[PDB]
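Visitor: What follows is a structure written as structure tokens; I'll ask about it next.
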Amino acid sequence: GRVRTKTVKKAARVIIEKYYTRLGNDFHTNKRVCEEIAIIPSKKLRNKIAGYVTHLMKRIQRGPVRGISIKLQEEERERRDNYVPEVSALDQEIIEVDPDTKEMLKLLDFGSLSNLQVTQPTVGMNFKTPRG
Amino acid sequence: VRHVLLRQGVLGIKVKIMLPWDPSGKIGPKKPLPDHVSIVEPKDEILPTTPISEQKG
Amino acid sequence: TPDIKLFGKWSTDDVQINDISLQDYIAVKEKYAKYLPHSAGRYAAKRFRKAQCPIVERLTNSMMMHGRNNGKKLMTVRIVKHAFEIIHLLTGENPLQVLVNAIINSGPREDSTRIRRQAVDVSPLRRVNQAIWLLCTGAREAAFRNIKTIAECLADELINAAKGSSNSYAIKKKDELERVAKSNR
Amino acid sequence: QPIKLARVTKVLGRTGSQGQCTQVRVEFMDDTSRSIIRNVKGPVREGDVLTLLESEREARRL
RNA sequence: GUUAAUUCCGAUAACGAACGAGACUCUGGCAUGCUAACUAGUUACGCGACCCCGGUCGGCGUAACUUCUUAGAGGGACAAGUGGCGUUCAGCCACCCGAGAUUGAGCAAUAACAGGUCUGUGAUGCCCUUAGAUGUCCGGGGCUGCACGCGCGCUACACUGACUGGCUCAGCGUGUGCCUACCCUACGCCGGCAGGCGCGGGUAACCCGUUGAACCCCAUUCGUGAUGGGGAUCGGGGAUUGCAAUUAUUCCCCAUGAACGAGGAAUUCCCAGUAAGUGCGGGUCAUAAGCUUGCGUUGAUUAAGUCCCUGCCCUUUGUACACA
């Protein structure tokens with residue numbers, strides 16, 4: 001039974017959140033880094049925190065981690081959100097129009113349009129899942 | 001753990017007081033708590049984007 | 001002898017393990033044979049680490065029982081050595097081969113258990129354990145209150161178990177357990 | 001009835017009331033297309049040979 | 001889902017938290033690196049003794065050192081790395097490297113027990129006695145009594161053993177007292193023995209003590225006989241401690257020589273330096289361990305699972321119980 005507790009885990013998350021650039025991959029390097037940056041009164045707790053820091057860095061190298069706020073991953077998230085794609089799928093030359101939608105558009109102001117394509121209605125009214 | 005002698009009987013008094021921690025050691029102990037993990041704040045530094053020098057003498 | 005290991009005066013080789021079910025659980029060939037079966041320990045720390053212990057050391061460790069004899073490993077090494085001498089001076093073959101044949105011909109292939117009892121087959125390591133325990137119990141029963149010594153009784157039990165003449169107490173208890181398991185199935 | 005040999009390929013679980021018998025999938029080494037499920041006493045690791053006296057009786061899977 | 005754990009992952013009318021667990025302290029191996037050593041040793045010599053250049057000497061002294069000895073700062077292990085299982089998170093198994101990849105003890109939450117202690121207190125409330133005392137002292141007896149049953153232990157029921165010689169290995173420890181009148185003992189004589197007499201050492205890594213402890217190792221005697229197993233009971237004698245041994249205080253010598261042939265229903269403890277065999281220290285001690293607590297030697301079988309029995313902890317259900 002080798003399971004870390006919350007006093008190890010939350011403190012290690014704060015250490016990685018505040019000092020992500022100083023920490024690395026090697027255990028015997030970031031162990032001494034966590035010793036120098038954090039006041040840990042015992043070697044056993046220091047080794048637990050350093051091991052959980054190494055395991056979270058392995059999780060970072062494998063992919064994204066939920067309970068963390070890294071500035072570089074936040075910048076990458078902001079870049080992927082602010083990425084602008086090519087021309088839209090809303091701007092099409094052929095837009096499939098159902099006949100009742102064509103009727104209500106005729107009853108509205110814009111009845112006859114330029115780049116619409118009216119389609120045939122789905123014959124056969126079978127749309128419900130059978131019971132049981 | 002103290003006693004008090006009343007007229008009817010004798011009552012016991014248990015007073016347990018947890019002392020806070022200080023770095024000096026006057027009001028409390030010198031060694032900190034094992035559960036408390038002290039993490040300092042990183043200094044607000046600005047990353048340089050232009051190679052400059054600080055030559056003197 | 002830096003090439004081959006001489007168990008006392010006995011070679012490591014010329015050991016014909018007939019049963020293919022016991023070739024991993026009898027550790028006597030080329031890796032776990034030594035000069036004497038005496039050792040320090042550590043063989044019973046893990047679950048399947050007991051199978052890597054050599055069978056002569058297992059007989060050595062299982063011989064010391066019943067209070068007054070628990071903790072005389074040098075003394076039961078003396079017993080096993082003189083018993084191997086008596087086995088060679090009666091049979092004329094390798095006493096290690098006689099002991100392996102005794103394990104094969106004395107280990108019961110089935111047993112009864114409770115899930116009214118039902119008969120199930122046993123593990124091969126469990127069969128080696130049961131065979132060693134039955135032959136040690138037969139040797140101690142033959143040596144209890146008798147002029148015939150413990151080495152002579154253990155030699156007679158191993159030779160009768162390798163022969164299969166239904167004279168050994170281990171062979172008799174194996175036949176009894178086989179009859180009970182054939183009954184309650 | 002003859003006496004067969006079977007190699008353990010998978011252990012399933014602990015059976016019995018006291019938990020003394022393992023539920024063991026054994027492949028017959030003579031005919032590898034036929035395999036059965038039995039109860040075996042003692043410690044069983046996957047990949048060893050057992051000596052079956054008969055293949056008629058077979059316990060129910062729980 | 002996972003863990004020894006309300007330990008975490010993750011959903012979530014919850015969020016922020018607190019005690020416990022975890023964390024903590026000590027004990028144990030890993031260090032040929034540091035600090036140190038005439039209250040400990042090692043290596044080289046100067047000798048001396050013995051055997052035929054070499055070997056031994058805890059026989060002596062010294063030029064370095066801590067490897068053996070000791071205790072301080074430390075460091076070292078954290079699921080660290082690989083391969084699988086698993087929401088790829090929490091975690092689990094195996095393995096290379098490695099002294100350890102689960103050592104043990106202490107502390108140990110809220111609330112309760114009509115649990116034990118008034119016979120620990122000049123801690124104490126209420127009741128009783130208080131001079132022919134339930135205060136205190138002296139002398140003796142008893143707390144040991146014996147048709148019986150129960151509980152914890154010790155010795156054996158034997159040849160894997162008994163007896164006799166030879167050999168060979170420890171650490172917890174303790175040691176001269178306010179009153180206190182009582183310490184541990186080296187060595188030489190008297191005696192078979194318990195012991196007695198003299199000078200010594202030690203307030204303790206100096207002296208007991210290199211702590212020459214048992215099982216175990218080797219060689220004769222025994223021969224399946226309640227026998228050289230076992231030592232219950234009992235007689236005669238000799239010494240130690242104490243004012244006083246009778247109801248044998250304890251120790252030693254000779255002799256008498258019982259049950260016990262592996263123990264029924266039932267029941268206790270345990271899985272690694274563990275059980276068990278075995279002996280040595282402290283407390284009780286003037287005389288004393290068949291007890292207890294520590295320590296050392298030899299040292300396994302079987303298992304890495306389960307609710308079957310006995311109980312415990314979460315969820316749901318039922319209650320006509322709530323001294324449940």
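All residue names refer to the structure tokens as shown: chains lettered A, B, ... in order, residues numbered from 1 in each chain, ligands numbered from 1 in order.
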Which polymer residues have any atom within 8 Å of an atom of range 43-47 of chain D, counting only C-alpha atoms (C1' of nucleotides), with same-chain residues fewer than 5 positions away left out, as a list in words?
Guide: residues 123, 125 and 126 of chain C; 7, 8, 9, 10, 11 and 22 of chain D
Visitor: Would you mind exporting the chosen residues as a tab-separated table (two decimals), in the first residue's frame, restricted to N, CA and C atoms?
Guide:
chain	number	residue	atom	x	y	z
C	123	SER	N	-2.13	-29.11	-6.85
C	123	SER	CA	-1.01	-28.45	-7.50
C	123	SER	C	0.22	-29.36	-7.45
C	125	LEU	N	3.34	-28.37	-6.82
C	125	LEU	CA	4.09	-27.95	-5.64
C	125	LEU	C	3.43	-28.48	-4.37
C	126	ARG	N	2.10	-28.46	-4.32
C	126	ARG	CA	1.36	-29.05	-3.21
C	126	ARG	C	1.58	-30.56	-3.13
D	7	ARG	N	-1.84	-28.38	-19.02
D	7	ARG	CA	-1.09	-27.18	-18.66
D	7	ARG	C	-2.04	-26.07	-18.26
D	8	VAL	N	-1.74	-25.41	-17.14
D	8	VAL	CA	-2.53	-24.28	-16.67
D	8	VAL	C	-2.30	-23.08	-17.59
D	9	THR	N	-3.39	-22.50	-18.10
D	9	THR	CA	-3.25	-21.29	-18.90
D	9	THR	C	-3.84	-20.04	-18.24
D	10	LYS	N	-4.73	-20.20	-17.26
D	10	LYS	CA	-5.36	-19.07	-16.60
D	10	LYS	C	-5.99	-19.55	-15.30
D	11	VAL	N	-5.78	-18.79	-14.22
D	11	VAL	CA	-6.48	-19.00	-12.97
D	11	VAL	C	-7.60	-17.97	-12.87
D	22	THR	N	-8.40	-23.01	-6.04
D	22	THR	CA	-8.37	-22.05	-7.13
D	22	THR	C	-9.13	-22.61	-8.33
Visitor: Please return, as a ChimeraX atom specification, all residues of chain A lying within 6 Å of chain E when only C-alpha atoms (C1' of nucleotides) are considered.
Guide: /A:47-48,51
Visitor: How many Å lie between CA of residue 63 in chain C and CA of residue 76 in chain C, rounded to one decimal?
Guide: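 Distance between the two atoms: 6.9 Å.
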Visitor: Using only C-alpha atoms (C1' of nucleotides), find the residues of chain C whose closest atom to chain E is at most 10 Å away, then write them as a PyMOL selection string.
Guide: chain C and resi 40-48+58+60-76+79+114-115+129+133+140+143-151
Visitor: Could you write out as number ranges by chain the residues of chain C within 12 Å of chain D, counting only C-alpha atoms?
Guide: C: 19-25, 47-51, 104, 107-115, 117-130, 178, 181-182, 185
Visitor: Considering only C-alpha atoms (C1' of nucleotides), extract the chain B residues located within 12 Å of chain E and return them as a PyMOL selection string.
Guide: chain B and resi 2-12+32-37
Visitor: Those residues you just picked out, can you put them in a file as a JSON list (two decimals), in the first residue's frame with N, CA, C and O atoms?
Guide:
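Saved result, selection06.json, follows:
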[["chain", "number", "residue", "atom", "x", "y", "z"],
["B", 2, "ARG", "N", -5.17, 19.38, 37.08],
["B", 2, "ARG", "CA", -5.23, 19.94, 38.43],
["B", 2, "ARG", "C", -6.51, 19.48, 39.12],
["B", 2, "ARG", "O", -7.45, 18.98, 38.50],
["B", 3, "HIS", "N", -6.52, 19.67, 40.44],
["B", 3, "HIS", "CA", -7.65, 19.32, 41.28],
["B", 3, "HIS", "C", -8.23, 20.60, 41.88],
["B", 3, "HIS", "O", -7.55, 21.62, 41.99],
["B", 4, "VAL", "N", -9.50, 20.53, 42.26],
["B", 4, "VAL", "CA", -10.12, 21.60, 43.04],
["B", 4, "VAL", "C", -11.04, 20.97, 44.08],
["B", 4, "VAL", "O", -11.80, 20.04, 43.78],
["B", 5, "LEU", "N", -10.92, 21.44, 45.32],
["B", 5, "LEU", "CA", -11.62, 20.87, 46.46],
["B", 5, "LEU", "C", -12.82, 21.75, 46.78],
["B", 5, "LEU", "O", -12.70, 22.77, 47.46],
["B", 6, "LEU", "N", -13.99, 21.35, 46.29],
["B", 6, "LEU", "CA", -15.22, 22.06, 46.61],
["B", 6, "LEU", "C", -15.79, 21.55, 47.92],
["B", 6, "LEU", "O", -15.23, 20.67, 48.58],
["B", 7, "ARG", "N", -16.94, 22.11, 48.31],
["B", 7, "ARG", "CA", -17.59, 21.67, 49.55],
["B", 7, "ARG", "C", -18.25, 20.31, 49.37],
["B", 7, "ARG", "O", -18.26, 19.49, 50.29],
["B", 8, "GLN", "N", -18.78, 20.04, 48.18],
["B", 8, "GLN", "CA", -19.49, 18.79, 47.95],
["B", 8, "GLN", "C", -18.55, 17.67, 47.53],
["B", 8, "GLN", "O", -18.67, 16.54, 48.01],
["B", 9, "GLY", "N", -17.61, 17.96, 46.64],
["B", 9, "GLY", "CA", -16.67, 16.96, 46.19],
["B", 9, "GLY", "C", -15.40, 17.58, 45.66],
["B", 9, "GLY", "O", -15.10, 18.75, 45.91],
["B", 10, "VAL", "N", -14.64, 16.77, 44.93],
["B", 10, "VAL", "CA", -13.38, 17.20, 44.31],
["B", 10, "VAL", "C", -13.53, 17.07, 42.81],
["B", 10, "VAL", "O", -13.84, 15.99, 42.30],
["B", 11, "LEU", "N", -13.29, 18.17, 42.09],
["B", 11, "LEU", "CA", -13.42, 18.20, 40.64],
["B", 11, "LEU", "C", -12.04, 18.24, 39.99],
["B", 11, "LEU", "O", -11.10, 18.83, 40.54],
["B", 12, "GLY", "N", -11.93, 17.60, 38.83],
["B", 12, "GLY", "CA", -10.69, 17.58, 38.08],
["B", 12, "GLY", "C", -10.76, 18.54, 36.90],
["B", 12, "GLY", "O", -11.80, 18.71, 36.28],
["B", 32, "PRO", "N", 9.12, 23.57, 13.12],
["B", 32, "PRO", "CA", 7.73, 23.69, 12.66],
["B", 32, "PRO", "C", 6.98, 22.37, 12.74],
["B", 32, "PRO", "O", 7.51, 21.33, 13.14],
["B", 33, "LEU", "N", 5.71, 22.43, 12.34],
["B", 33, "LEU", "CA", 4.87, 21.24, 12.34],
["B", 33, "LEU", "C", 5.23, 20.33, 11.16],
["B", 33, "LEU", "O", 5.63, 20.82, 10.10],
["B", 34, "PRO", "N", 5.11, 19.01, 11.33],
["B", 34, "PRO", "CA", 5.41, 18.11, 10.20],
["B", 34, "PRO", "C", 4.38, 18.16, 9.09],
["B", 34, "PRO", "O", 4.73, 17.97, 7.92],
["B", 35, "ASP", "N", 3.11, 18.40, 9.42],
["B", 35, "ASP", "CA", 2.06, 18.44, 8.40],
["B", 35, "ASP", "C", 2.11, 19.71, 7.58],
["B", 35, "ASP", "O", 1.75, 19.70, 6.39],
["B", 36, "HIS", "N", 2.55, 20.82, 8.17],
["B", 36, "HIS", "CA", 2.57, 22.11, 7.49],
["B", 36, "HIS", "C", 3.76, 22.15, 6.53],
["B", 36, "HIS", "O", 4.91, 22.06, 6.95],
["B", 37, "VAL", "N", 3.47, 22.29, 5.24],
["B", 37, "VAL", "CA", 4.50, 22.41, 4.21],
["B", 37, "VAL", "C", 4.61, 23.89, 3.84],
["B", 37, "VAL", "O", 3.68, 24.47, 3.27]]
Visitor: CA of residue 117 in chain A and CA of residue 100 in chain A, how far apart in Å?
Guide: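 One can read the CA of residue 100 in chain A to CA of residue 117 in chain A distance as 13.1 Å.
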Visitor: Which residues come within 6 Å of range 179-195 of chain E, counting only C-alpha atoms (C1' of nucleotides), excluding same-chain residues fewer than 2 positions away, as a PyMOL selection string?
Guide: chain E and resi 175-176+208+239+251-252
Visitor: Quick one: write out the picked residues with N, CA, C and O atoms (P, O5', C5', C4', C3', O3' and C1' of nucleotides) as a PDB file, in the first residue's frame?
Guide:
ATOM      1  P     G E 175      23.239  -0.190  38.612  1.00  0.00           P
ATOM      2  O5'   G E 175      24.425  -0.638  39.574  1.00  0.00           O
ATOM      3  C5'   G E 175      24.167  -1.462  40.698  1.00  0.00           C
ATOM      4  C4'   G E 175      25.406  -2.192  41.153  1.00  0.00           C
ATOM      5  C3'   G E 175      26.584  -1.324  41.557  1.00  0.00           C
ATOM      6  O3'   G E 175      26.459  -0.796  42.867  1.00  0.00           O
ATOM      7  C1'   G E 175      27.332  -3.095  40.177  1.00  0.00           C
ATOM      8  P     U E 176      25.943   0.711  43.089  1.00  0.00           P
ATOM      9  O5'   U E 176      26.567   1.133  44.492  1.00  0.00           O
ATOM     10  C5'   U E 176      26.193   0.467  45.687  1.00  0.00           C
ATOM     11  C4'   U E 176      27.201   0.683  46.789  1.00  0.00           C
ATOM     12  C3'   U E 176      27.786   2.081  46.914  1.00  0.00           C
ATOM     13  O3'   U E 176      26.919   3.006  47.547  1.00  0.00           O
ATOM     14  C1'   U E 176      29.503   0.462  47.146  1.00  0.00           C
ATOM     15  P     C E 208      38.805  -7.967  34.408  1.00  0.00           P
ATOM     16  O5'   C E 208      37.538  -8.751  34.973  1.00  0.00           O
ATOM     17  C5'   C E 208      37.647  -9.552  36.142  1.00  0.00           C
ATOM     18  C4'   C E 208      36.301  -9.816  36.770  1.00  0.00           C
ATOM     19  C3'   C E 208      35.302 -10.582  35.919  1.00  0.00           C
ATOM     20  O3'   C E 208      35.527 -11.979  35.951  1.00  0.00           O
ATOM     21  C1'   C E 208      34.236  -8.732  36.966  1.00  0.00           C
ATOM     22  P     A E 239      29.036 -27.475  59.006  1.00  0.00           P
ATOM     23  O5'   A E 239      29.203 -26.505  57.754  1.00  0.00           O
ATOM     24  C5'   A E 239      28.864 -25.130  57.849  1.00  0.00           C
ATOM     25  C4'   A E 239      28.652 -24.519  56.487  1.00  0.00           C
ATOM     26  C3'   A E 239      27.941 -23.176  56.472  1.00  0.00           C
ATOM     27  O3'   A E 239      28.824 -22.099  56.729  1.00  0.00           O
ATOM     28  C1'   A E 239      26.974 -24.607  54.851  1.00  0.00           C
ATOM     29  P     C E 251      17.404 -24.290  45.924  1.00  0.00           P
ATOM     30  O5'   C E 251      18.968 -24.505  46.125  1.00  0.00           O
ATOM     31  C5'   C E 251      19.903 -23.608  45.545  1.00  0.00           C
ATOM     32  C4'   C E 251      21.307 -23.893  46.015  1.00  0.00           C
ATOM     33  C3'   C E 251      21.729 -25.350  45.998  1.00  0.00           C
ATOM     34  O3'   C E 251      22.084 -25.819  44.709  1.00  0.00           O
ATOM     35  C1'   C E 251      22.384 -24.368  48.045  1.00  0.00           C
ATOM     36  P     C E 252      21.805 -27.351  44.310  1.00  0.00           P
ATOM     37  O5'   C E 252      22.940 -28.163  45.080  1.00  0.00           O
ATOM     38  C5'   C E 252      24.311 -27.944  44.787  1.00  0.00           C
ATOM     39  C4'   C E 252      25.211 -28.618  45.793  1.00  0.00           C
ATOM     40  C3'   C E 252      25.040 -30.118  45.938  1.00  0.00           C
ATOM     41  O3'   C E 252      25.681 -30.853  44.910  1.00  0.00           O
ATOM     42  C1'   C E 252      25.182 -29.127  48.083  1.00  0.00           C
TER      43        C E 252
END
